[PDB]
Structure formats: C-alpha cells, structure tokens
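Here the structure comes first, spelled out in structure tokens, and everything after it is commentary.
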Amino acid sequence: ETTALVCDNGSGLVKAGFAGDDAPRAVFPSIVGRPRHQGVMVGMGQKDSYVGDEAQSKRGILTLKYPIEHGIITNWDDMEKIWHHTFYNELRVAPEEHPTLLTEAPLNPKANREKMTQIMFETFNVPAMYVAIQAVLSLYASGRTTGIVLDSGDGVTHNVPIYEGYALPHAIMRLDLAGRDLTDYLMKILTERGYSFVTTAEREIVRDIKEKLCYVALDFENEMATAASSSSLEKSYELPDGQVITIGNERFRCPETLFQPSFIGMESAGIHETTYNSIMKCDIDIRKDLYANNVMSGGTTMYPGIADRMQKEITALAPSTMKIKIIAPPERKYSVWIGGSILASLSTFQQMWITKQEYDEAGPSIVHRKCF
Amino acid sequence: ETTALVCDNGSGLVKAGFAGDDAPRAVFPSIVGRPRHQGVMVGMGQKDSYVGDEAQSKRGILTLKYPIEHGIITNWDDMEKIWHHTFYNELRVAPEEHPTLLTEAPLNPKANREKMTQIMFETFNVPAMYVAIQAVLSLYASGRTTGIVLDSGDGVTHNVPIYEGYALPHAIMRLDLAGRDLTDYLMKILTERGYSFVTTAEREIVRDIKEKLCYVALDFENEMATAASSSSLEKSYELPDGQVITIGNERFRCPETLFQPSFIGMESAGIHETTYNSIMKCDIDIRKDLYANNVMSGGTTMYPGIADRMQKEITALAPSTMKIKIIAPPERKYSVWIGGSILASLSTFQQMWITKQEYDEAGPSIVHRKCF
Amino acid sequence: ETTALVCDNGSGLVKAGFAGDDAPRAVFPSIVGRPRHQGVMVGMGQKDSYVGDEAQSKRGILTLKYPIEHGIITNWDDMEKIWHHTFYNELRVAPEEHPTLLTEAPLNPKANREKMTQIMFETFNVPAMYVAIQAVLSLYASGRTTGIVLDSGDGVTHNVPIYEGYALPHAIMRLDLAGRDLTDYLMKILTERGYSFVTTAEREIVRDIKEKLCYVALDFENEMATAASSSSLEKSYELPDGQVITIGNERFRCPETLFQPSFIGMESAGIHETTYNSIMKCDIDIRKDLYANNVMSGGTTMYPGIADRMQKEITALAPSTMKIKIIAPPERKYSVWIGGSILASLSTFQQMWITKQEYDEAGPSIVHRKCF
Ligand SMILES: Nc1ncnc2c1ncn2[C@@H]1O[C@H](COP(=O)(O)OP(=O)(O)O)[C@@H](O)[C@H]1O
Ligand SMILES: Nc1ncnc2c1ncn2[C@@H]1O[C@H](COP(=O)(O)OP(=O)(O)O)[C@@H](O)[C@H]1O
Ligand SMILES: Nc1ncnc2c1ncn2[C@@H]1O[C@H](COP(=O)(O)OP(=O)(O)O)[C@@H](O)[C@H]1O
Ligand SMILES: [Mg+2]
Ligand SMILES: [Mg+2]
Ligand SMILES: [Mg+2]
C-alpha cells in the first residue's frame, strides 16, 4: 500500500514525486548555494548552505555548485543535501517507509551506482529500490515497445535503440554535449554585442535567455543571410537590473552546436549523424521500425523547430524509399519521470526490487546483477 | 636486377620494403590526418594533409582517418596519398623501375582490385605487379606446404586451409572481427572506471593500452573470480598528460571478444569454432595434417597466452586421440611481408607477373584471370 | 619601401613605432586631460585638451580620462585625439602613405573593431590595415610556435593556447582583472595607514607606488606572519609634496588579488587556475608542449617573484611526474609590439592586408572575414 517514490536526479533539475501520478510533484533545480561574502547582521537564520529554489532566489550573494557533472556525481555531500531536501522539505515524506526509483544515464561509472546504493541504504535507508535506464522510461511514457530514443538532458545526450522489447547495448551511443554546453556557448557568443556575463548568478540569466529566446533554424545559411540582410530577427529581453538586451542571429547560433559540435571544439558528429549511425549499427531487419519511431525526450529537445530539422537531416541521410516519422510529445520535459509513474505502478515490476535484506547478504554489488 | 617491392597494405599498418630482406624497411600506420582547428601563425610549412608518423606525432590538432576499413578501401585520394608517401618518402625509390607485390584479404570485392590495378598502372605506373593472398604468404613464411592459416589483422580475420600445395576455396572463412573492434570495445569498457576517451587521438592511446596491457586468459571464469577476489591483476599506465590509470579485469575482457563475439553483438562464433568448422568443411583424409600444422599470423595474434587457449579449445573440440599443434612463430607480425620476401625472390615466380602490355591488351580485368 | 606602423593601443599605455625595429619609438600613457579650474591668465597657448605626457606633467589642474577601459573603447573623440597625437606629434609621419598594424584583446565586441576600421579608413585613411591578436604577437616575439600565453595588461588578462601554428579558440579564457583593479585595491588598502588618495592625479602616484614597491609573495601566510612579527618589510616612498609614506604588508597584498580575486569581490578563479583550466580544456596529447612553454607578457607580469609563484602553483596543480616550465623574457613589457615588428616585416604577411579598395567594395564587414 506504500507508494513508490520516483526521483529523476538529472544533471540540471530534480523531478521527484509519487508513483501513479501524471506530473512530478517537486521540480526544482539541483544547485547548492553557499555564502561568498561576509555576514554582519546577526540572527535571522543565516544558514551556511541553501539548496534549490531559495538558492535560486538569493543567488546574488551565493556561489552555486552543481553536484552532478555530465551525469556523474562529483560532490557527494552536496548530493546528499539535495536528496535530504527533496525527501524532507519538498515531498515531506519519511524515506524509511517508501521504495525509491532512481534513473541513471547509460555508460555511467560503476562506482557512481555503488555509492548511490551505499548512501541510499545507509543514510536514507529504504525497504527497496531500483535503478532504471532513462530511455526505457521514455518508451514507457510514449507507450510504444520499439524505436530509438534521443534523450538529451542537461549533461548527457544518449541514443538507445529498442526493438520489440529487447534492448541493444552494442548500439547505445553517448555524447557529452547538452544544455550546459549550449549555455556556455551562448555566454561566449554574447560578448560579440558587448553583454558580458561571468558569474553563476549570470549563468542562470543566460539559461533563461536560452530557454525563452532560442530556436533551431531550418536552413542555417539562409537564416544567417536573412539575419544579416534585414533587422527583423532581433528580440529584446529585460535583465533583472533593468537593462534591455537585443539579440539577433545568436538565437539560432546557440542550438546549432547540437548539430555542429565543431563550434565548441568537439570533433564528434552531430546528433542527426549520431542517430543515423546508431540505427545502422543495429540489425538490418529492424531499421524500418526504427525510422518510423524516432522518440525524443528531455529539456533540450523543446527548441522551436527542432523536429522539422531532425526530420530533414535524417531524410537526407536515409534512402528516399523509407518513411521517417519524428515523435515529439508536448510533455517530453517530464516524460522520463512519467515512465517511472508507469513502471512502479505495474504489478509485474514488484518482484524486481533490490530489497534491504538482499543487500545485507550481497553487499553493494547486487545492483549490477539485477539492474541492467 | 630490378628488385621487386613488397608492400603489405594492412588495415591499420603499412609494411613496405624490398624483396629478399628479412625485415620490412618501412613500417608505418595507415593514417591520413587533416587540420581541424584554425591557424593564426603564418608560414613554417603548414600542410593541408599529414600522412603516417607525422600525422601520428601531431595528432592533437588533427582529425585522423583510416583509408581502409575491414580490408576494403573506401577513400581513394587518401589511399593514393598513402601510396605516394610510401613510395617517394619512406622507400625513397622511383616506382617506374620496380615491380610491386600487393596483398589482399580473401572474399574481397573485385572493384577494389580493379581500382588498385588502374591506379598502379596509371598514376605510379610500374613494369609489372602481382596481387597475392596473405595466408599463402604466411604459409610461405612458415616454410611448410600444408596447414591452416588464421591471419587476423586490423580489419579482417580469415582462415584458409592448404594441403600439399592445393588450397581449398570452399573452406575459406572470413570474419569481420579484428583489433579495431577490440579497441572500440576497450573504449566501451573503459568507461566503467571513469576513463572516458572519445577522440581519434585518444583512440591511438587506447590502442597503446590494448597492445601493452592486454592478455588472453586461459580460463575465463577463474580469472574473473581472481580479479574480483584480490587486486593482483591490476596494472597502471601513464597517459601523455601525466595522469595515470589503473585497469583490472579489462586486461582479459577485451581479447575475449575474439572467442566470444556476442560481447559486441556479433552473432557469429569464435575463432576456434571458426577454425574447427573450416577444418571439417574439408575432406576427411587431410584433417590429421591440418590439426598438426595450425599456424597463426598477424598483429592481433601477439596476445600473451593466445596459443595455449587456442590449443585447449581445439583440443576440447577435436577428438582426443590425435595431436593438435599450434605454431606461433615469434616474428608473425611481419610474416605476411616475409612471405612476399620469399615469393618475389623465387625464379619460378618470374613468369607470373602482370606486365604493362598485358594490361594494355586486356584492360583492368586480367587480374581475376591471373591472380586467384 | 614604405614601412608599416605598429601601434599597440593598450588600455593604459600606447606603444607606437615603425616595423622592423627592436623597441617601440613612442611609449606614452593613454590619457586625455581637460582643464577643471578657471583661467585668469590670458594667452600662452591655453589648449582645451592635453594628450599624453603633456597631460601627465600638468595633471594637477586637469581631469584625466582613459578612453579605453577593459580593452573596450568608450569615448571615441578622445581615442581619435590619441591617434592624432601618436601619428602627427610622436611619430611625426603622414598616415596616408603607411600601412598600420593594430592590436586587440580576444572576445572583444565587434562594434569596436568596425568603428576602428571606419575611423582608420575615413579619418586618417591608410593604404592598408591589419588587426591582430596580442597573444599571437607574443609567441612571434618569443620565437616559438607552441605554448599558452597569459597576457595581462592594464584592462584585460587573457590566456590563449596555440599548438604548432594552430590556435584553439574554444579554450581562450578572459578575465577582467588587471592593473587598474590592483591600483584601486591599493587605494582601498592604503587608507589603513591614513594615506588617502582620491583624484586621478593621485591615481598616477598610487600607480607609481605599485610599480616601484610591490612584489609577489611566495607563501602568503608566512609573509603575513613575517610582516606582523618584525619590522623588516617596510619601504618608504617620497610623495611629490615632500611627505614620505611607509608601507608594510601592502607591498604583497596588492598583487595577491591576481591569485585571489575574492579580495575585490570577484568569485572568479585565480590566474594559475585559469591557466590550468585552459590547458585541461585543450586536447590531451598537446598538454606536454603546453606545460613546458608557459609564456607571459604585459606590464602586470613584471612583478618581482611572480614566476616562482606561478611555477609553484602550476606544479601543485599538475601531476608530479611531469615538467612545468615558466618562461618570462625580460622584455615582456613591449613584447607584443615586438611581435608586430616581426609580423609586418615578413614577406608572407604582405598578402593579408585589408586594402582600401577591398574596404570600399565590402563595407566595414571584411575585418571579421580576414582578421580572426
Ligand atoms: N524551452 C526550452 N528551450 C531550450 N532549452 C530548455 C527549455 N527548457 C529547458 N531547457 C533546458 O533543459 C535543461 C534541463 O532539462 P531536463 O532534462 O528537464 O533536466 P535534466 O537534464 O536535469 O534531467 C536545462 O538546462 C535547460 O537549459
Ligand atoms: N602486442 C600486441 N598485442 C595485441 N595486439 C597488437 C599488438 N601489437 C599490435 N597489435 C594489433 O595489431 C594490429 C595491426 O596488426 P598488423 O597485421 O601488424 O597490421 P595490419 O592489420 O594493418 O596488417 C593493430 O591494430 C594492433 O592493435
Ligand atoms: N614594474 C612593474 N610592476 C608592476 N606593474 C607594472 C610595472 N610596470 C608597469 N606595470 C603595470 O602595467 C600596466 C600597463 O602594462 P602594459 O600591458 O604595458 O600596458 P597596456 O595594458 O595598456 O598594454 C600599468 O597599468 C602598470 O600598472
Ligand atoms: Mg533528464
Ligand atoms: Mg595484416
Ligand atoms: Mg597590452
């Protein structure tokens, strides 16, 4: 009768909530803020660390640290503070009477999963847990059983193909280019017009400009010629100190790094060629079902016009006799968590939990035996 | 008096030299490098393409491409540059006064042989050339006239049985599993410990780790239990940036792919079962000589302990009443070239060249009538 | 025959002269002074503006303005007067018969470059003009073709890595902390001893104290304990009004802001961590030629003992098994100009000038196409 806690601990945001729902209960950025100046006024609850939204609102006097870098946890006390805040302050539930479902990027280091096991069973100890792959949860949320997943979050962009219920681990591709790299590239190219941003409190502003003002160009050279020709593609955004900024071609030079990674010095191919090479690394007889079931998920797949560009590039790459259909649901931003809300609700899933007792015999190594 | 040129065009390395020698004169990787960044300094011989050791030493600013993949030439301008470099810069000879010996994997497409014919008679035009099968050259280097040759290089792995001078073309097996796939699998399994390698300049480093630290386990499960029990099978390697890495079971998980191709999602059987099925696709009365003269050659047969594992697996597969001998010469890495240094020096061979006037009479198609 | 005019327009000083020389002909501060009081004596050539050393000598009755702050030109009439004084009074040459070389900080706004081009081609119109990056000129002056440059001046501190003639623009780092902020921090800490300095005529005096009495401490806490223990680190300087001042620990507290930017409220990392993070933002293979060729140039890298502190911090940051070399030429204060005297004298450079007819063909937009 105890509900399961689905907790997607992504690189930029945390989506935590109960199983069986439609939307995540607590969505908050995964930052830990610490005071950087000196305190003069005595009293009024001057905490030494702020986690989440109060770190976001008080960000002018705080240095912000992300505990997760490219899907890998680096600072463990900060991630412990993140888990404590999302268990006791957001969901307001006791973790010792609820199973927990966690997500993990493919091709992660093993010690990351082992330390999640050790912390989750020795500090916020649970009756049981499970660790799942995010792309499988995306196919849960889409409702299909076949297709290839382009899941691009804040640190990790990965392609996973699954045909008729079976995963293909030899064609899973991973690229470390995601929305934090696009935020840094927007920070680099915003100095062309004179707008200088340095601090992490300015990184949040640059992230807000990236979410509210950027879109994917359909044709790159035609859009650059249109931007250089007439002044009709410039938008204005108001900073929190009152200055207005006006940006032009930088609206579509930021998400073009997703298709051309050579802008930031990476010699890897674009995500369209990554998807095409991941499809051609599979068996030949299943490629027809993979072309018609392109499913994307994540926060950086919500750009305006990315679906038409993806369709055009894959249609150029694929032979002309085949049907390529791109699936972009309007609720992809939480769809991985939505898969958790499907996965923990199934009665057949309720035997695959890693129990506390099984951990007590098997040590912190059973999670590679059970969870794939 | 004109010394013939033996030039082994392997998938990863090029071994070129004169006839009659004991060692190849020029051994260099078949890598074409191109600039990937922008150049701000003016002068000092900034070329647009680097070939060989110059591309290997300056690999940090270059995109590295292999012109040969799985024994099939894909890029022809790069392969022409490779031939120009190995004729005019390495061997320092004029190709118009020397006959040429070329090597080729079995079951190759014929258009590869026709285009190398047209190139070697129209751009670096020679008095004559011959194209030979590499397993025949390995059997020449062994000095025997019977036996099965397992030649495994950088792109291909082929088994050819030859009894008393007559090869059996219906029992020739080809597998597309070689050291490039072992390098890619070493990249895939090195992310378990957090060491991420993505670039081709890093792929050379992963190749160096594969050559200097990997070995074939005699028993797989006992070695995995020994690695999980104690940390006595862990070695350390120093990266060029000063960082050190430590690897454990990954020393023997990488070359186990040759015996179990299901690790990388290949459905085909291992190399021992391939040799066994190739031997009893021959006739019954010759199998005693084929079991007693099992010869390996190539760079990926230089793994420490691969011969004992091969002996054990063929001993298990064959009936126990007879003698199975695995012949691994210490110099097998260049032995195909050594076979060329035997074959181009024989006086009986000097009537089997494909001359210039024969090519002009019969087009670029006579290489299928003459060369087998 | 007509030599080029190399004019380093820095934030605090202007270094102008002819191409092919070893030292800059005219080195003068980039200030414009204006009268602030009323004049009762009529005659004697009372100008309404003083530029250069004339404003420096008569600075007691003038308000001094810098036209360039943080490498960005703000006042254009003052910068035009600076250019007119360095063309017609210091160099005493006609600008219409000499090509001009200009220097510019990386990650600069492009409107600065286009207004510089429009002014140089329509007011002091030239046959040709090229704009270069200062770190490239520093590597031209040092004579090598590889290494990372920490170029720190009066407005900007930037790190640029260049390997074998190829620059890496994705690893170029810029920090807006330079000698002006050190001068302001020296004013902020000089009120501890009762010496108050407010005006720009006092800014020149505080700058002179910073140049002739400050040095970089090796170990900060040990020199703080030495200054608090015994009176041995106090120096005396004579002000122009005859008063003497005595300073103690403030000799090394001022240049510690370059290593600890948190003293002036900036949360950015130190310049040693900036160099380290720029080097590990490059590729792995080229880091050995970057640790062995660390070059600095500019005025604020001329502190006593900054090279030893640099070597100690990068030695601590790098792995201990690898050599770090710090290169500080004695003539770094003009070395960027020295690179101009190398760059404009090469015969290979003479085909990359922006001509007058090219500018009239292509507008003021060719300068981003040609000059990187
Ligand atoms: N409308 C939008 N346009 C572009 N990018 C967006 C948009 N909304 C969110 N993002 C990006 O998505 C990233 C986080 O996506 P998400 O996958 O939900 O979180 P996580 O990666 O932590 O799982 C943020 O860094 C943000 O920059
Ligand atoms: N000591 C070694 N152990 C394992 N593999 C090796 C060793 N030396 C070379 N190799 C592998 O052999 C491959 C090339 O073998 P070789 O046949 O000599 O060249 P090619 O295949 O180009 O003819 C390389 O990819 C390398 O990975
Ligand atoms: N001996 C010195 N010690 C410390 N700082 C110095 C010294 N000499 C000059 N400087 C500083 O260098 C700055 C100017 O350096 P430079 O790079 O030559 O000029 P710019 O930055 O205008 O190109 C001045 O602001 C001055 O404070
Ligand atoms: Mg996510
Ligand atoms: Mg070979
Ligand atoms: Mg300067």
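The residues of chain C that appear here are 6-377 by Swiss-Prot count, in order.
Any Cβ shown, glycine's included, is placed from N, Cα and C.
The stretch that Swiss-Prot tags with region 'Interaction with alpha-actinin', taken from the ranges C:152-164, C:204-216, C:243-255, C:360-372, is C:360-372. Range C:112-125 is the one annotated as region 'Interaction with alpha-actinin', of C:42-55, C:70-83, C:112-125 (source: Swiss-Prot). Within 10 Å of the Cβ of C:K86 (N6-methyllysine) there are 17 other Cβ atoms, across all protein chains. In the three-state DSSP assignment, the secondary structure recorded for C:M46 (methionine (R)-sulfoxide) is coil. Note on the region 'Interaction with alpha-actinin' (C:112-125): DSSP counts are 11 helix, 0 strand, 3 coil. Counting only residues at least six positions away in the same chain, the Cβ atoms of C:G38, C:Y55 sit under 8 Å from the Cβ of C:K63 (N6-malonyllysine). When secondary structure is read from DSSP and collapsed to three states, C:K63 (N6-malonyllysine) falls in the coil class. Put simply, C:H75 (tele-methylhistidine) is 19 Å from C:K86 (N6-methyllysine) when counted between their Cα atoms. Note on C:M49 (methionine (R)-sulfoxide): other Cβ atoms within 10 Å of its Cβ, all shown chains, come to 6.
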